[PDB]
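First comes one chain, alone, set out as structure tokens in the form deposited in one PDB entry.
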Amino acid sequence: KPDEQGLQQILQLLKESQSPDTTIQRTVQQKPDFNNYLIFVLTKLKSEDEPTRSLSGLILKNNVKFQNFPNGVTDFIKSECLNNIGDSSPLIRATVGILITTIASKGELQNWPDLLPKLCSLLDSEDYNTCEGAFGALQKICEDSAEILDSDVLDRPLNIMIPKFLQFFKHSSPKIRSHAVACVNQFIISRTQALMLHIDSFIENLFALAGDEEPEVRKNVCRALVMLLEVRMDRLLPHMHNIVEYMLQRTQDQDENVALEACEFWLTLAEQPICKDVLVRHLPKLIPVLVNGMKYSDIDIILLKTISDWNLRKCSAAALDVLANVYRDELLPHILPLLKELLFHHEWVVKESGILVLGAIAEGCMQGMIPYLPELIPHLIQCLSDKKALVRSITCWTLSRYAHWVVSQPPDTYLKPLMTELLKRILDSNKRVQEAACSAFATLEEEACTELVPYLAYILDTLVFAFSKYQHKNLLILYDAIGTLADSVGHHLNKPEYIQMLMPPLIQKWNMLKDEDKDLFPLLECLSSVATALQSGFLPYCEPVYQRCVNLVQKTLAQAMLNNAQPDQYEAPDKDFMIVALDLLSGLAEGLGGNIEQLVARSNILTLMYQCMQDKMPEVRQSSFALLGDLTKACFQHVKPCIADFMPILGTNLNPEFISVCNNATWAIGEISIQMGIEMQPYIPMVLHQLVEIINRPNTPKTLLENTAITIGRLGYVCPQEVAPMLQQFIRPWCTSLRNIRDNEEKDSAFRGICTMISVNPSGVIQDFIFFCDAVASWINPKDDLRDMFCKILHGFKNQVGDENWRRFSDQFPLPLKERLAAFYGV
């Protein structure tokens, strides 16, 4: 008792925490490991107090968290722990437990390979405490472990261990019973063969435990049944309706944990094909139950005095959003009656929950809701002013979920009142209503567009005011709102009275922020929306903005190089700085057009751009390719020298695995065509084949297809002798794309391409000439220049095939098309 009797009093005084020992003894110990475990395991008999003995064990627990575990005396602690996992004093047992669990969690401890083998072996103990102490640690380890546990870590085949776990479902105490269920649950997603072969046993045993008085067993059963829904659907399908009715009861469970875990069942079931048919009959009972879980109570006092990221309220609501998307209109009979009372009922809480329901319903049952909108929208606009903060918040959201309908009616009746009321809500409330209103307004902007121009001064005063009013969190939501405005109003925003108020706060944040602060992302993305909309109005600001953006890109690239050469010595850069600076540069390029040429000429932007296009990160390439097309269009003078360099990369990136990169590549190629003319010829081979491949590819987003259709067209218009050879292969999808798109200068230029391509290879269209006619028939108002081309081609084929064949062919026509083409082009 030389080192021990001195250390035994340094923890006894460390307990009595005044101002002295809370800083003196806490820092004295942190400058040992062996004796602390001697105190927790050996002296923690009569000799010392339990609180004292467990405390030295807990400082040890904190010590473990590198040079401590790699030591050879770590083996003494570890040995000492497993000797008494089942200590009769619950406190010391609990200490040993968190000490074991922590040591093992220190990097999947393979310096402790005796651990799991000894634990599984200790499950078969007779001392309940030893059994439950081991099962306790085993559960925590199974759950923390990133991988699942092999027979190599266990020292028994899972073929033995899985059914051994299932045995403990059948008898022990409730503690063990759930320890057991938790353990077997760790083997469901990995589809462990041992478990799959023991499926019917696991399931049978699960039903046996369903109804267990202990909540922890119950939630584990729900948790288990949810996992099996995704992994092993075939074995639940026979018992489904019987499972559903169990889960329905569990969603309603006395205990909030079980309720949430059960509630997750519906979210999971909804994702499965069978969901529609299987659930129908239970809707009469499920929906009333979900809706009920969507109020609050204890929650309530926390929000006005935040709450959890995920809980029963959000889950039920989330479940209801999905279910709506499943049944759509068919759901409304089950929801509307209940919704009718809620929306007006009680005060505060019951009403709020009804407003939540209405928004949740939206996406799914949008069509079936239209009828009820003319009377509900005004009631919601009316609710925006409610006395209670939380009723205002949810109302903002629910309205945003019907923004599209509001926009489609006469702007005076719904939009104007809503927009007026929304602009008010953005300010002065609490932080929660600010966020909801501002966010909701950004949605409305995106949907309204030109319709906002009337109110632009009042809009712009609101948002700019909020800049001073708001605070970090809500400010990022404001950035989005200002950004959306710019986008949704375009050049209309360029007026000195608007510029002189919007710019100063944006520049203030610009100078305040430093290049390493991730607060630049929302700010700069905002400015790229603004610079584009303000066009040449941005001129006074472009100089410093450009210079900074290039620097950010240069530095990110530089940092990425260092990291590549010395991964263990240089930190990888946050590439979001690069993605954002590129996007702002492209926004300058669009708004400023030719006025950017000097800045580009005098910079090293294109050299940098070149490395960006080669970056591993799709988002980085995507940004640069957009910038490429923007520069191609604004100052090709400076781009052209690099055309030989960029095109091979452009060709590589014509790969639809990354829809957004491939789109921007495609779009840049076409914009390069316009610019080069007949010089494009050498480059077409490395591009055309891939483009015809993606236009012919099934299940491809409308945007990608359209851009490919325009790019082929432009490549045609510029090199007919190159692209026409392949006309027969792409015209079918080509027409299909641009057929649905309205008239536009871009669609115009793609057709002019097809026309010059036909007038070289008329054979290429014959096989699908039907579509090319439909394509010509889609045009509501062609330019006089285009009209002639279409006639000369259409009549030109009537001339070739013969008047007899032309009549028989133009008979299989859908009737309106026959009339459309007959009237408009004289057929």
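Basically, rigid core = biggest C-alpha set you can superpose within 1.5 Å across the two forms. A residue's number is simply how far along the shown sequence it sits, counting from 1.
*Check the entry and tell me how many residues of the deposited sequence have no coordinates between residue 65 and residue 66: none, 1 to 3, 4 to 9, or 10 or more.*
Just 1 to 3 residues are missing between them.
*Taking the mean of the C-alpha B-factors per stretch from the entry, tell me the winner out of 542-550 and 271-279.*
It is 271-279 that shows the higher mean C-alpha B-factor.
*Mean C-alpha B-factor comparison - 670-678 and 140-148, higher one*: Mean C-alpha B-factor is greater for 140-148.
*Could you tell me which one of 125, 508, 74, 311 shows the highest CA temperature factor in the PDB record?*
Going by the entry's C-alpha B-factors, 74 comes out highest.
_Maximum C-alpha temperature factor, selected from 732, 621, 177, 640_ = That would be 732, according to the entry.
*Determine, from the deposited record, the chain-internal third of the Cα B-factor for residue 463: lowest, middle or highest.*
According to the entry, residue 463 has a C-alpha B-factor in the chain's lowest third.
*Divide the modelled residues of the chain into thirds by Cα B-factor and specify which third, lowest, middle or highest, holds residue 241.*
CA B-factor rank for residue 241: middle third.
*residue 722 - Cα temperature factor, lowest/middle/highest third of chain*: According to the entry, residue 722 has a C-alpha B-factor in the chain's highest third.
*In terms of the chain's CA B-factor thirds, is residue 683 lowest, middle or highest?*
Residue 683: CA B-factor falls in the highest third of its chain.
*Please place residue 293 in the lowest, middle or highest third of its chain by C-alpha B factor as given in the entry.*
Residue 293: CA B-factor falls in the middle third of its chain.
If you look for the form deposited in another entry, you will not find it shown, but the lines that follow are about it.
*Of 155, 256, 271, 245, which is the single residue whose C-alpha shifts by 2 angstroms or more between the shown form and the other one after core superposition?*
Among the listed residues, the one whose C-alpha moves by 2 Å or more is 155.
*asked:* Please determine whether the C-alpha atom of residue 388 is displaced by 2 Å or more between the shown form and the other one following superposition on the rigid core.
replied: Residue 388 C-alpha, core-superposed: shift of less than 2 Å.
*By the 2 angstroms cut-off, has the C-alpha of residue 754 moved between the shown form and the other one once the rigid core is superposed?*
The answer is yes, as the C-alpha of residue 754 shifts between the shown form and the other one by 2 Å or more after core alignment.
*Taking the rigid core as the reference frame, is the Cα of residue 322 displaced by 2 Å or more between the shown form and the other one?*
No.
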